[PDB]
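# Architecture and fold: a report
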Amino acid sequence: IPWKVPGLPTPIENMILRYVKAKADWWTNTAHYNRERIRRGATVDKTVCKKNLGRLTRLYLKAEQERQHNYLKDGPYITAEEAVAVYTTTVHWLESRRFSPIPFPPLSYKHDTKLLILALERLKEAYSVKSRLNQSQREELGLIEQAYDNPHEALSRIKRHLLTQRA
Amino acid sequence: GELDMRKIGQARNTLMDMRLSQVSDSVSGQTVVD
Amino acid sequence: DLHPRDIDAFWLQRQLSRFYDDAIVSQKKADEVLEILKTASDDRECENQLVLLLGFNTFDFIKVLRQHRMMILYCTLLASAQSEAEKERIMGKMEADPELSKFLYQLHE
Amino acid sequence: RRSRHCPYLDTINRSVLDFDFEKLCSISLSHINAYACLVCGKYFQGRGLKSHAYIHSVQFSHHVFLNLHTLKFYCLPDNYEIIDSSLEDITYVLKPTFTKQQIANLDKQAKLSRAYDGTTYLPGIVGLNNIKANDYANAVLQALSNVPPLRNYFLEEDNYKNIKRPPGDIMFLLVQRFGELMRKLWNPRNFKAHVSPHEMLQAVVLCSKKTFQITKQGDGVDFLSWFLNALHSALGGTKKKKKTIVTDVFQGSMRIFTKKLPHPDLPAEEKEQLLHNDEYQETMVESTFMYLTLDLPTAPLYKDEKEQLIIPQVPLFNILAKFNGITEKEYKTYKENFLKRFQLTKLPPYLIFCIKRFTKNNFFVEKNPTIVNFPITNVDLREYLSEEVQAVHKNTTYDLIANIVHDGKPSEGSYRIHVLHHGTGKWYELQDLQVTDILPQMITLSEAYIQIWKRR
Amino acid sequence: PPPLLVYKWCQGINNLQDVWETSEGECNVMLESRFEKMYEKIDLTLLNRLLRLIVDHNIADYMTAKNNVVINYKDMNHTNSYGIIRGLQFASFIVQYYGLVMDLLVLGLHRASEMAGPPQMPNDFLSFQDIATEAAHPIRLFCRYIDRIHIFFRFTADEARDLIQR
Ligand SMILES: [Zn+2]
């Protein structure tokens, strides 16, 4: 995140920036070296493993943001000719197969309740009860129970979202 | 001066989308509901 | 499918080698076929002479020759021209004819 | 006498002839009297009864050979010379030769050439094969090509063939194989749309003594500097000939104004007293440069609101601020600090920028991701010169013609090169063997690592 | 399950036609590869256009908008705009469809049709409508896992030598 204290004199700000740069370099290098150790195979402890996991998570997220901004700067790496080539290949294959596009699920679909039940069961399966579930997980369990209770209203919500939601 | 890097990327995205739409217009059996 | 660039000064001999194993006889037959193509009254008599030369076998190659008679002859002459003056002479003689001019344009690009 | 009538000429096939490698007998390894069989493309020892070429002819029925050193054909086993004008292209590809009118008209060629196979290309815009780790050398050599004066000098073997060299001198392999490679690249009637730098890189590794190998990739700037210095030294015959082609083309002169800082941890009285010492006063150590070293500003270390893209950017003129008589760089050697000013004095016709990306911090090598925002078609370096030199200098507007870019991490890096094709004005991106067409406006969006500009 | 898949693959390899005969210079080739960075390098505009072919336009738009959302760790957060998120419930479907397109690129429409059989009577995992069709092409077997491709070619001497020369 951007760090700029308006009232800090610029020489002190420069010194702090140099400090942060040096510490960041050491942080990155030590995280990488420790991960090489752990991966290659060395005896370590839970605290070190967890701290290294945190550091690696932060570094990976930084790299991913770099990737996204580089994409936005360099535009699509796939040229228009390549795009049209693959698109034409796909349409030719689908025409050959004689494929019929999947329609938007009708209002009175025969199996919609079956599909909803399967989805809710799959969502429930992800709870190997440890007796300690956080707020969001317990809330999702409550929502799943509500959908189980009143299938049709949940279907109406789902279709509404699929038709309009984009944010 | 400066460069608005995002603008050239957006232009290229729009060019690709326009060409793909050009191609897609020929394809017929597509489905869409109101 | 045959293209003017495909034909070089020894394309005819290379083709004759697919029926005649001996290099000397292949060269002799190639020269005789080139002479037949050059001094030919018309297509039917030229094809008759070619079959008289190469037997009833090789008829596929004879068909190719008859289908592209002038093209092969002039392309081989141009590619085998030893002297620059000779090369220019054949180039002008070809340019004198549209079809041959088409062949020349295809050869260059 | 039977010459001009060899019946085996049709046997040749130009799809196997590859004259891009060492010319030695494939059985005895000797360099003496090498003949290449034109039916299979292999080299044997030359001619005569019981020789390898003769025995190969009578064994395989391959009856046409070419003297690799004389450019004369022969038909074995009954060895008589062959004379046929349709064979001239093989000899030309084996040993390209450029006439003066050709080198004069080399740049004004707006029509694509076509190789023996159905591949169109343009002379100079030709890919270089990629041995395991070679891309840096490929890019550097491609950039060195496209320099009309140096290219024209090296396209004529007579220019550098007669100069002297001490007995145990291996540093002339570089110059002669570079001439060979330049001629191969600018050959307008190749058999293929790509060339192999194998021989040049073997000479490079040999002369560098395992520095700049081909199984490991080194620094592009280090390779360029070493190559230019080696070429200058090798072309300087049995001495340091003060003016070679490299010096004539690339080398300029700068004026360095070094001022030794008195000391950081001293009282003000002593610090200002030391000014009269003259040791901490500005000097003039005017010297010469093959290439300018531009230093990017340090990355912002924090994103900002404007240019929301996390990628920073600088104008070209901000980093060219250095090399004017005002700015002061801060050199720091042990126990000593210097304030260095710079002032360009002699500008070369082809100017090289070597923007410093990779820097070793306390722990590892980091690549500066800043992008230089520069114009391509016009830049005036008039201001960065002293008024004492501006009068001498008439033309000072430069145009970018070559740009070497590095991509990826410092370890798993790769190199590509944007080259302007003269004659036309089209910009082509060469990666080791791929030739893409890059629009003029997209060159400035890359991490320009090295650049070559032409003075007009 | 994967063990049964391995068993079927082995049986198919063994049951190809004179697959083990190497007297005339034939040679078999097993290729295995991984489609590097498949999930990360998935252009979203192209993905949307591809999806619109098979599924409703609104459904495709919804899926693309879903893939284009904001990621957020404890304190960091960025906007994902290049690759798929892989944590959605339909990421499996998206990945399999993109892999089908990649399969068409690798195989070619003609050979893909030969393998998949006519639309009326599709073939099984490793099977062709006829042994002549089986032998018509160098590629004899193909199988894409989620992102891992296995291919089995059988070249004759002339084909192998021509490929090597190229
Ligand atoms: Zn041989």
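Residues numbered from 1 in each chain as written, not as in the entry; some residues may be left out. Chains lettered and ligands numbered in written order. Part of a larger assembly, values for the part shown. Heavy atoms only, no water.

In the PDB header, cryo-EM is given as the technique by which the entry was determined, and 3.2 Å as its resolution.

As recorded by the PDB entry, chain A carries the name Pre-mRNA-processing-splicing factor 8 and is attributed to Homo sapiens.

All names here are of chain D. Protein coordination of the zinc ion is provided by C40 (SG), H56 (NE2) and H62 (ND1), with donor distances spanning 2.3 Å. Linear spacing of the donor residues for the zinc ion on their chain is C-x15-H-x5-H. Within this pair, whereas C40 is found in the loop between strand 1 (34–37) and strand 2 (43–45), its partner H56 is found in helix 1 (residues 52–60), the two being separated by 16 residues in sequence. Overall, the relative accessible area of 5% leaves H56 in the buried class. (Donors = N, O, S within 2.8 Å, 3.2 Å for Na, K, Ca; no water. Helix = DSSP H or I, 4+ residues; strand = E, 2+ residues; numbered from the N terminus. Buried < 20%, exposed > 50% of the residue type's maximum accessible area, 1.4 Å probe, protein only.)

Now for the pattern of salt bridges. Taken as a whole and judged by the stated rule, the model has 32 salt bridges over all chains. Between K124(A) and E145(A) there is a salt bridge whose closest N-O contact spans 3.8 Å. Pair noted here: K124(A) is in helix 4 (residues 112–125) and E145(A) is in helix 5 (residues 135–149), with a separation of 21 residues, a long-range link. Within the structure, one salt-bridge network assembled from shared partners comprises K21(A), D25(A) and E366(D). (Salt bridge = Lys/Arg side-chain N within 4 Å of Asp/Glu carboxyl O.)

Here the focus is the sheet that holds strand 5 (residues 80–82) of chain D. All names here are of chain D. Strand order in the open sheet made by the five strands is 2-1-3-4-5, with antiparallel pairing throughout. Looking at the sheet topology across the chains shown, the edges are occupied by strand 2 and strand 5. Between one strand axis and the next, the sheet turns through 40° on average, direction left out of account. Set on the sheet, helix 1 makes contact with strand 1, strand 2 and strand 3 (65–67); between it and strand 2 the angle comes to about 120°. (Pairing = 2+ DSSP bridges. Axes fitted to C-alpha atoms, helices over the stretch in contact; angles between N-to-C directions. Contact = heavy atoms within 4.5 Å.)

Taken together, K46(A), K50(A), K51(A) and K74(E) make up a surface patch of like positive charges. Relative to the helices and strands, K46(A) resides in helix 2 (residues 46–74). (Patch = residues over 30% accessible without salt bridge, like charges linked within 9 Å, V, L, I, M, F, W, Y side chains within 5 Å. Areas by Shrake-Rupley, 256 points an atom, 1.4 Å probe, with all protein chains shown as cover. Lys, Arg positive; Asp, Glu negative; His and termini not counted. Charge placed at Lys NZ, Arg CZ, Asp CG, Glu CD.)

Here the focus is the pairing of strand 23 (residues 435–438) of chain D. All names here are of chain D. Sheet analysis places strand 22 (residues 426–430) next to strand 23, joined by four bridges and oriented antiparallel. Residue pairing for strand 23: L430 is matched across the bridge by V435. Counted along the chain from strand 22 to the antiparallel partner strand 23, the turn is four residues long.

Turning next to the interface of chain E and chain A. How large an interface is tends to be reported as the accessible area lost when its parts come together. Counting from both sides, the interface comprises 38 residues of chain E and, opposite them, 34 residues of chain A. It is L53(E), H78(E) and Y82(E) that lose the most area in chain E upon contact with chain A, and together they represent 17% of the buried surface on that side. On inspection of chain E and its partner chain A, the count reaches zero salt bridges. The interface formed by chain E and chain A holds eight residue pairs in polar contact in total. Elements with a minimum of two residues in the side of chain E that touches chain A: helix 2 (44–54), helix 3 (57–67), strand 3 (77–79), helix 4 (91–107) and helix 5 (109–116) of chain E. Here the side of chain E that touches chain A is built from residues that sort into 21 nonpolar, 11 polar and six charged. (Buried area = accessible area lost by both parts, 1.4 Å probe. Polar contact = N/O pair within 3.5 Å; in protein donor to acceptor, adjacent residues only side chain to side chain. Nonpolar A, V, L, I, M, F, W, Y, C, P; charged D, E, K, R; others polar.)

Here we take up the interface of chain D and chain A. Residue-level contacts link 13 residues of chain D with 16 residues of chain A. Of the roughly 1400 Å² buried between chain D and chain A, counting both surfaces, carbon and sulfur atoms make up 68%. Between the two partners, chain D and chain A, sit one salt bridge. Put simply, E366(D) and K21(A) hold a salt bridge, and the shortest N to O gap is 2.9 Å. Summed over the shared surface of chain D and chain A, the number is two residue pairs in polar contact. The class makeup of the residues in the side of chain D that touches chain A is nine nonpolar, two polar and two charged.

With that out of the way, let us pick up the packing of helix 6 (residues 151–164) of chain A against helix 3 of chain E. Contact pair helix 6 of chain A / helix 3 of chain E: the axes reach a minimum separation of 7 Å and the direction vectors enclose 80°. Classified by the angle between their axes, helix 6 of chain A and helix 3 of chain E sit roughly perpendicular to one another. Only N58(E), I59(E) and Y62(E) of helix 3 of chain E make contact with helix 6 of chain A, whose side of the interface consists of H161(A), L162(A) and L163(A). Considered class by class, the residues forming the contact of helix 6 of chain A with helix 3 of chain E number four nonpolar, two polar and no charged. (Parallel < 35°, antiparallel > 145°, perpendicular 65-115°, else oblique.)

A separate point is the packing of aromatic side chains. All names here are of chain D. Within this structure, the stated rule accounts for 24 aromatic pairs over all chains. Between the aromatic rings of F212 and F223, the centroid separation amounts to 5.5 Å while the plane-to-plane angle is 80°, which identifies the pairing as edge-to-face. A residue pair is termed long-range when its members are at least 10 positions apart, and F212 in the loop between helix 8 (198–208) and helix 9 (220–235) and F223 in helix 9 qualify at 11 residues. You can call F223 buried: its relative accessible area is 0%. Three or more aromatic residues joined by ring pairs make a cluster, and in this case those are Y136, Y153, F154, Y160, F178, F212, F223, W226 and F227. The ring centre of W186 lies 4.7 Å from the NZ or CZ of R151, which sits over that ring. Just above the ring of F257 sits the side chain of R341; from NZ or CZ to the centre is 4.6 Å. (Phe/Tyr/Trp six-rings, centres within 6.5 Å; stacked < 30°, edge-to-face > 60°. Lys NZ or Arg CZ within 6 Å of the ring centre and 35° of its normal.)

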